[PDB]
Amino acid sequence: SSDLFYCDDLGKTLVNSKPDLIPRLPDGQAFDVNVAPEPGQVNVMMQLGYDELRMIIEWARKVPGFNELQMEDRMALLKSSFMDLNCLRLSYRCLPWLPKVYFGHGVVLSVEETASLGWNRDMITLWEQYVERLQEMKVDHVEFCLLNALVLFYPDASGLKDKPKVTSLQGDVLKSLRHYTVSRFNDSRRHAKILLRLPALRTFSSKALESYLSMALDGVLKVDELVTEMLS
């Protein structure tokens, strides 16, 4: 792609790590919004949510400095960023499908249909605000890819042991982002503007029940056991 021409070495690797993959339902499973899942099975929002959790972990391992960190620092970064990463990935792929929510291949729902599947007016409001920022920022493919790595390398992550290393790793990503926006658009200010406009659901605890869909994600799949398995 023409975009990688304005990236540095780290920037090319982060674009090639593909944080833009989209979750899918199992092969041959048709989705019909009118035909309820209710009673032994889980709905498509959760199926896609769990598929995406696995994809986020798979992406994180391709991020240069991640595997060098000790297992508990990798576990801390993922736990802290899962909500922000899911929100960023979802909002970005929704942009051509607006006003609908594009949860995954074969699943595009209006905001009203999301409510019947697990979401509440509170989670709808958060997604609305997150899409609005990406639209304002006018984020391109490269910028989205780099933003995923910036969200991952969060130095204030709870239970993080090697804070200076994550700070330096975030620094390396910041350098790739300013390098890119300067080389392609020749606007020194663009990197700082997108970084200041980006919502961060960690400033105020995401446990505020406005976007506590992570409790359903952590409860059903027992995320701690799966993360250890995937990072081993």
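Don't overthink the numbering: it's just position in the shown sequence, from 1.
The stretch with the higher mean CA B factor, choosing between 111-119 and 144-152, is 111-119. The stretch with the higher mean CA B factor, choosing between 166-174 and 52-60, is 166-174. Annotation for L85, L98, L78, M137: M137 ranks highest, by Cα B-factor. Comparing the C-alpha B-factors of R24, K222, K12, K18 in the entry, the top value falls on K222. For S91, the recorded CA temperature factor ranks within the lowest third of the chain's modelled residues.
Looking at the C-alpha B-factors along this chain, the one for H105 belongs to the lowest third.
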